[PDB]
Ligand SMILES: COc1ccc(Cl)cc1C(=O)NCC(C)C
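Given as structure tokens, the chain that follows is alone and in the form deposited without the named molecule.
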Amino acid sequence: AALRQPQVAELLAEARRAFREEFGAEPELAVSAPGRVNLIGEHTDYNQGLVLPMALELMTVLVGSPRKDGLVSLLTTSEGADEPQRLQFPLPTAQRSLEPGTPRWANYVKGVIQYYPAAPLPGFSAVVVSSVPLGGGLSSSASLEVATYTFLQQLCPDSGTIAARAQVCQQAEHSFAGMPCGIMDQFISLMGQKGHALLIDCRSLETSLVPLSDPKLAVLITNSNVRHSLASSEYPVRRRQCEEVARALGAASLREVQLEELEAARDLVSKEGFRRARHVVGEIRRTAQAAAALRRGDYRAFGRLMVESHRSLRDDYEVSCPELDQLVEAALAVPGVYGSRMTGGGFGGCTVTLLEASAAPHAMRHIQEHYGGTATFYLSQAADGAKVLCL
């Protein structure tokens, strides 16, 4: 029993209603920006690797209007968001930059404003709503940043590429949330096309659309409904460790390293650094091969590469957890399932499973059965990326 994914109209209607009540008039401007699931290619983006995500129908919607007084006035209805759920602050100026603070949700919006590259930006009033489960590993924060960015463009048009916009949002994440993420989540939020996954080269920033127009193929997202303590915590540790192995081999990044050279330099790096790098180098290759497999509709090869991804994440990268692992095994048991793995950052969040559409009802029954906690499910079609909604 998959979760009804609210369509853009229901989200818009919630956004506008709350805006009216809060501000005393209709909003002038509106935007949407989706979350994402990564099909394969985990912990490779900040290593200048390859990733293969798709945009989801789960999305963040933001409505608003310019002001004349230089202030930003925000309201979110999102029920998980930390309080307060309203916030105001001045626009950054030459005299005074904004800073990270509480509530944490607002730091994503503050950051994007701070680094927005075009001027002059007026103040604004806005309400944000989201169907993206909050920090459950489908990029809620990126959807919020890219929604913000896309709204600011309506107030004050920018002049660069789409990669530059993704980089602005990434910068907000680094400086205002203390989270040194790669570019994947932002970039897919911006670049998603419905009926397509995106092979993103995080070194070149070349992207290619890979079809998913098979009605016999389903992508099932299972949320573990767990978020252990370590996104805050362990993600920046894995990044630094990767960067250190690259530095030690005289490589600009691990993208430049392959498994033979790594093995020959075992003595130059920690045992644990070796294992992390081994994951990354292998994951880059798996992603390139998975993309090719996906293209020729060889789902079986694709699902195999997914499973190898999961084992490498669990064992070498150590960013799985008992729950994700159990969900993965539960799903692998089901006839018609090609593959399953954790997706996103790890320590919680969701698995992604590729399967025959007709197995999806049994898949969901059996996973729920064989999981201790309580899963939720999304039956997920690949979706468009960010856009303006004309009011």
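Definition used throughout: the rigid core is the maximal C-alpha set that superposes within 1.5 Å between two forms. Residue indices: 1-based, along the sequence shown.
Once the rigid core is matched, which of the two stretches, 125 to 133 or 207 to 215, lies farther off on average in 6 other deposited structures of this protein by C-alpha? Farther from the shown form on average in 6 other deposited structures of this protein: 207 to 215.
Core-superposed in 6 other deposited structures of this protein, which stretch deviates more in Cα positions, 2 to 10 or 380 to 388? It is 2 to 10 whose C-alphas lie farther from the shown form in 6 other deposited structures of this protein.
Mean C-alpha B factor from the entry: is it higher for 210 to 218 or for 101 to 109? Here the higher of the two C-alpha B-factor means belongs to 210 to 218.
Mean C-alpha B-factor comparison - 336 to 344 and 61 to 69, higher one: Going by the record's values, the stretch with the higher mean is 336 to 344.
Looking at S159, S224, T287, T93, which has the biggest Cα B factor in the entry? In this record, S224 carries the highest C-alpha B-factor of the candidates.
Between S253, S204, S78, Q154, where does the Cα B-factor run highest in the record? Answer, based on the entry's C-alpha B-factors: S78.
Relative C-alpha B-factor of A357, binned into the chain's lowest, middle or highest third: Answer is highest: the recorded C-alpha B-factor places it there.
CA B-factor ranking of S312, expressed as a third of its chain: It belongs to the middle third of the chain when residues are ordered by C-alpha B-factor.
Cα B factor band for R266 (lowest, middle or highest third within the chain): Highest third of the chain for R266's C-alpha B-factor.
Once the chain's modelled residues are ordered by C-alpha B factor and cut into thirds, is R276 in the lowest, middle or highest one? As the PDB entry reports it, the C-alpha B-factor of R276 lands in the middle third of its chain.
Ranking the modelled residues of this chain by C-alpha B-factor as given in the entry, is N38 in the lowest, middle or highest third? Its C-alpha B-factor belongs to the lowest third of this chain's values.
Just so you know, the form solved in complex with the named molecule exists too; it's not on screen, but the next bit is about it.
Is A359 one of the residues lying within 4.5 Å of the named molecule in the deposited bound form, judged by heavy atom distances? It does not: once the named molecule is placed as it appears in the deposited bound form, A359 has no heavy atom within 4.5 Å of it.
I'd like to know if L217 sits close to the named molecule in the deposited bound form, meaning any non-hydrogen atom pair within 4.5 angstroms. Contact check for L217: yes, within 4.5 Å of the named molecule in the deposited bound form.
With a cut-off of 4.5 Å between heavy atoms, is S213 one of the residues that contacts the named molecule in the deposited bound form? It does: once the named molecule is placed as it appears in the deposited bound form, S213 has a heavy atom within 4.5 Å of it.
Determine whether any heavy atom of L87 comes within 4.5 Å of a heavy atom of the named molecule in the deposited bound form, and answer yes or no. Answer no; every heavy atom of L87 is more than 4.5 Å from the named molecule in the deposited bound form.
So which of 265 to 273, 113 to 121, 205 to 213, 251 to 259 is the stretch with heavy atoms within 4.5 Å of the named molecule in the deposited bound form? Only one stretch passes the 4.5 Å heavy-atom test: 205 to 213.
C321, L294, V226, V72: which sits within 4.5 Å of the named molecule in the deposited bound form by any heavy atom? Looking at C321, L294, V226, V72 one by one, just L294 meets the 4.5 Å heavy-atom criterion.
Name the residue from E234, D201, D298, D315 that puts a heavy atom within 4.5 Å of the named molecule in the deposited bound form. Looking at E234, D201, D298, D315 one by one, just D298 meets the 4.5 Å heavy-atom criterion.
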